[PDB]
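Trainee: Shown below is the structure under consideration.
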Amino acid sequence: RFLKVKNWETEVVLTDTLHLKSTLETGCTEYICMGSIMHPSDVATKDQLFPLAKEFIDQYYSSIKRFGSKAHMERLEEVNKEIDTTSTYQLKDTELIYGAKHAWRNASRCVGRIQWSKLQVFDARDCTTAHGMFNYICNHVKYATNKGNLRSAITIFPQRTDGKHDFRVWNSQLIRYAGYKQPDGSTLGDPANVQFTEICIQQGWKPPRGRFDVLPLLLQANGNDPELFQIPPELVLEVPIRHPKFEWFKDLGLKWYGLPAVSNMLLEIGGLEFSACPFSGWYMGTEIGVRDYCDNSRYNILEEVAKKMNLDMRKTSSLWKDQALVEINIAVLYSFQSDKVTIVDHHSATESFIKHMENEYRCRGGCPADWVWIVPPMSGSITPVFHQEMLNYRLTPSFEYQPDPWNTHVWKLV
Amino acid sequence: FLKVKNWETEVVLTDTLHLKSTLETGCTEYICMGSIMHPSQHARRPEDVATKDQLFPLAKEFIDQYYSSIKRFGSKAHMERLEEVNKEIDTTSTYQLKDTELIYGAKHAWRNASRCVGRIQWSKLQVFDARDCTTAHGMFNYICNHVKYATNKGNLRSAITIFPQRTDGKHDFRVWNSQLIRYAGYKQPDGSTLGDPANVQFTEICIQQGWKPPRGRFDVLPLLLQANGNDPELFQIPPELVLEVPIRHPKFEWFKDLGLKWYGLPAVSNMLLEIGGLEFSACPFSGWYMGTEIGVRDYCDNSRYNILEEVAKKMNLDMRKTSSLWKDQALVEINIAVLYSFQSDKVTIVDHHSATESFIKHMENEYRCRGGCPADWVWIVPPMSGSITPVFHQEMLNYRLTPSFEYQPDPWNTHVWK
Ligand code: HEM
Ligand code: HEM
Ligand SMILES: Cc1cc(N)nc2cc(-c3ccc(CCN)cc3O)c(F)cc12
Ligand SMILES: Cc1cc(N)nc2cc(-c3ccc(CCN)cc3O)c(F)cc12
Ligand SMILES: C[C@H](O)[C@H](O)[C@H]1CNc2nc(N)[nH]c(=O)c2N1
Ligand SMILES: C[C@H](O)[C@H](O)[C@H]1CNc2nc(N)[nH]c(=O)c2N1
Ligand SMILES: [Zn+2]
């Protein structure tokens, strides 16, 4: 059995055999499609962990062309002894590196996957305390930032055990600006992060109450209450946002951090759950420039840019919003390029993704892709992914959503 | 029950209408096909003239649904109608829709069209019955009157014209044109393309049929009409029925000097309308444009007009690398100009902000009174500036309800000539 996908711009047709190897649900049914549902739908027993581990070990030994070998059979037997005696098992380092990389390779929502095989993996499964987690994250940040020459990296903390002893980064990203609601309903800083900012303040953080406050890290080790730590400022690389033509643009006082570093997702390898696994790459311009200033729930310098462009903001059909949105994204890209901080534009990114998709179909038999997320948030139909049919399915290892840790944490102090 | 949520406003809607869905979407619990153009071939009936136990259960379902819609289920006229449909099938292997039934089903095929951001207008549809038509000449007369009515000197009105339903499959009525008004596309000797590059194949079929092409740049193609399965025939739409808007820009005086224009009336004519097992293979329908359809897809696809280049040139943009966003910037101006020209000439048009906001209101309406509204996020989100429109942050459920508009293969792949 085979499935085809067409590109209506180039007429190229690709044949997907890989979809046969997925066993995780997508959320759709035979009669309803849920492709635009954002999140669709305690810990693994012995009898559930055996076959999940078997599946992973099998695919790992297949990938290194050693399937059915004496080493393959010994590892399988060695894994079952652990599950049978301890109700869990420990990944080898080769297996951890392999699975982290393939979790990225399998991320159907990520346009950036042409880079998957160059992923620096930091094994932190020996960490025991939040001070330990802070050390590991600071080293991650320093390495990934590389003075502007950003490098992909993931840092993997101990796996879940019984669910009562989890490691979490409570931050959604390692570097984010605080947001403060004002008595008068206005907002200072980043409106996206208001909730987490209150959580920090309640935990004892002394907020500067400025426009671009780097939030503290809220780090949970082994199921204990989370603890606050200030990332050393000289580890946070930032780019002041200016425009190549509009000299007034710098006078908006804007800037953004250079390291996108997501920390709230859960890494699943062979049934093991790594509930704290911060990973980072580099930005596509529109994630700062379309959604991190111009979403209706964000900085809303859209109107200020349109005001400063003397645009007709009375009627929609003037397309001032569209027009000011373009200029902001031009400003973001020019800024990072000038300060030699790695960034990619949506055209260059989507073009690379198409090449990646083609290559993955050739050597792997398919490439799960989520069009709804792969298509950039602006200028969609003038980019080549727009006319590219795509198949979406869930392979493992994968990165999964998990609930916010304050919703489920049972506290310990006083 | 299934919930949809809008992440800007946190409005949550609860969907039970999907329980009435009949056809497969192509998706499974293990694979999603939502960006496949045609993911499923699940149809309600087989390839040609069905047997009784194939046609009648679909007719009963539709007749049932129509009489329920008017609070008359099990009434005298409903039981009579069922028997009448049974005897017609028993004696002709098909049946004929009453005019109320035809009007209901056309409007509900639009209401069910999950890809259409325009459906807040769905029940204001003018239905022209053309089921008495027997030749291409008659089809041409019906189509002209359709074009004149819908254009309405620029105050556009929605309309569909419905020709005789398919009978055995050999006597189909077809409009070979994909839309009623399209521009020719000429393949050039030096390899390039003049005109409009989607319609190249169709432009050649017209010339091959004897059409003498003026070989200009905005050459309204002729109509190519097939009646009762016969060879199709050429007709030239009278120009005074083809309203066109010259494109200028409110700010750039040099824009109009690109010598650019577009027609006011989008009229899709290659789709199939299906009601209670019946298939109307010729059912051209028209509304009015969202601005992006002209000026994002019909000027700025790579395999279409591709005159982003010239607009960027005259704007003196740096086209050396893509990080300058010269494509994005010229694409905006083109769309600013399209809206300006149409509004300046009092020809109906809707910008993508207004249309998406209308669609969000329409979803709420539909969930309040109908228990749901099937929507294809991939097609509802406009092709530019998606995330600054309200539909971008709106979850959607896509399911297939009948009556519906369906795809059908281009008739030159299946037509045996004479
Ligand atoms: C190296 C440059 C990278 C680029 C340019 C990139 C780009 C993107 C973009 C634009 C998104 C959509 C986010 C949004 O629209 O809000 C995304 C999602 C995602 N990225 Fe990448 N990415 C990169 C590296 C990585 C790495 C290193 C990983 C992990 C090892 C990763 C894993 C993911 C995942 C799991 C998602 C989707 C999560 C979800 O929402 O379900 N990416 N990426
Ligand atoms: C009145 C103004 C209308 C507007 C602004 C509108 C808008 C749109 C747009 C923008 C699309 C996507 C087209 C594309 O980008 O390729 C679409 C699709 C569609 N429209 Fe509408 N529409 C309108 C009226 C109608 C009417 C009157 C009908 C039928 C009675 C209709 C039936 C459909 C169908 C069936 C599709 C999807 C066809 C497919 O599967 O490709 N629309 N509409
Ligand atoms: C590694 C990485 C790099 C990058 N350059 N960007 C990324 C964006 C997201 C991401 C952030 C937020 C949301 C939900 C809100 N839109 C979904 C995401 O995929 C992510 F996880 C990882 C990213
Ligand atoms: C009634 C109507 C009005 C309008 N203003 N626009 C419409 C666009 C399409 C349409 C056209 C082409 C394609 C494929 C290439 N994009 C899909 C469509 O849905 C359509 F059927 C009907 C439309
Ligand atoms: C509701 C909607 O599906 C949701 O907000 C998604 C849509 N697609 C997206 N696509 C990307 N790349 N990023 C996003 O945040 C979103 N948001
Ligand atoms: C392959 C891709 O899904 C396809 O070309 C679709 C995407 N979404 C679209 N959406 C609209 N409104 N119109 C289109 O032509 C398309 N094209
Ligand atoms: Zn689906």
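Trainee: Could you count how many residues in the range B:301-355 are part of a loop (DSSP other than H, G, I, E, B) and either of a type in the set (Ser, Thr, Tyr) or closer than 30 Å to B:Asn155 by Cα (or both)? Full working, then the answer.
Mentor: As a first pass, look at the range B:301-355 and keep what is part of a loop (DSSP other than H, G, I, E, B): B:301-307, B:316-321, B:325, B:345-349, B:351.
Among the residues that remain, those that are also either of a type in the set (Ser, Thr, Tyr) or closer than 30 Å to B:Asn155 by Cα (or both) are: B:301, B:303-307, B:345-349, B:351.
Residues in the range B:301-355 being part of a loop (DSSP other than H, G, I, E, B) and either of a type in the set (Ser, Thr, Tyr) or closer than 30 Å to B:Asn155 by Cα (or both): 12 in total.
Trainee: Sticking with this one: Scan the range A:51-76 for residues that are within 27 Å of the chain's Cα centre (by Cα) and exposed (fewer than 12 other Cβ atoms within 10 Å of the Cβ) and jot them down.
Mentor: A:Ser63
Trainee: Please work out which one of (1) at the interface with chain B (Cβ under 8 Å from one of its Cβ atoms); (2) under 26 Å from A:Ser63 (Cβ atoms) is the condition A:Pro368 fails and give its number.
Mentor: The single condition A:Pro368 does not satisfy is (1).
Trainee: Of B:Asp345, B:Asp318, B:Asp351, which residue is within 21 Å of A:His346 (Cα to Cα) and more than 16 Å from ligand 7 (Cβ to nearest atom)? Before the answer, list the steps.
Mentor: On the way: B:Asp345 fails: within 21 Å of A:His346 (Cα to Cα); B:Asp351 fails: within 21 Å of A:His346 (Cα to Cα).
Testing whether each residue is within 21 Å of A:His346 (Cα to Cα) and more than 16 Å from ligand 7 (Cβ to nearest atom) leaves just B:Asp318.
Trainee: Within the range B:23-32, restricting attention to residues that are within 7 Å of chain A (Cβ to nearest Cβ) and surrounded by 14 or more Cβ atoms within 10 Å (Cβ to Cβ), which residue is nearest to B:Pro57 (Cα to Cα)? Lay out the reasoning, then the answer.
Mentor: Residues of the range B:23-32 that are within 7 Å of chain A (Cβ to nearest Cβ), as a first pass: B:24-25, B:27-32.
Subset that is surrounded by 14 or more Cβ atoms within 10 Å (Cβ to Cβ): B:24-25, B:27-28, B:30-32.
Working: B:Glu24: 18, B:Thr25: 21, B:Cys27: 26, B:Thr28: 26, B:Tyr30: 31, B:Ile31: 31, B:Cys32: 30 Å.
This residue is B:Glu24.
Trainee: Can you report the number of residues in the range B:208-259 which are among the charged types (D, E, K, R) and not in a loop (DSSP other than H, G, I, E, B)?
Mentor: Going through the range B:208-259, the residues among the charged types (D, E, K, R) turn out to be B:212, B:215, B:217, B:219, B:231, B:233, B:240, B:244, B:248, B:251, B:253, B:256-257.
When the remaining residues are screened for being not in a loop (DSSP other than H, G, I, E, B), the result is B:233, B:240, B:244, B:256-257.
Number satisfying all stated conditions: 5.
Trainee: Right, here's the next one. Look at the range A:35-54 and say how many of its residues are in a loop (DSSP other than H, G, I, E, B) and either more than 7 Å from every other protein chain (Cβ to nearest Cβ) or of a type in the set (D, E, K, R) (or both). Spell out the reasoning first.
Mentor: To start, the set of residues in the range A:35-54 that are in a loop (DSSP other than H, G, I, E, B) comprises A:35-45.
Checking the rest, the ones that are also either more than 7 Å from every other protein chain (Cβ to nearest Cβ) or of a type in the set (D, E, K, R) (or both) come to A:39-45.
Number of matching residues: 7.
Trainee: Are any residues in the range A:7-22 in a loop (DSSP other than H, G, I, E, B), within 9 Å of chain B (Cβ to nearest Cβ) and touching a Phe, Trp or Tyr at 6+ places or on another chain (Cβ under 7 Å), and if so, which ones?
Mentor: The one that is in a loop (DSSP other than H, G, I, E, B), within 9 Å of chain B (Cβ to nearest Cβ) and touching a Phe, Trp or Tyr at 6+ places or on another chain (Cβ under 7 Å): A:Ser22.
Trainee: Among the residues of the range A:268-300, count how many are more than 9 Å from ligand 1 (Cβ to nearest atom) and not in a loop (DSSP other than H, G, I, E, B).
Mentor: Looking only at that region, the number is 8.
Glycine gets a Cβ as well: all are built from the backbone with ideal geometry, and neighbour counts include every protein chain shown. Values quoted throughout were computed directly from the atomic coordinates according to the rules given, and no laboratory measurement underlies them.
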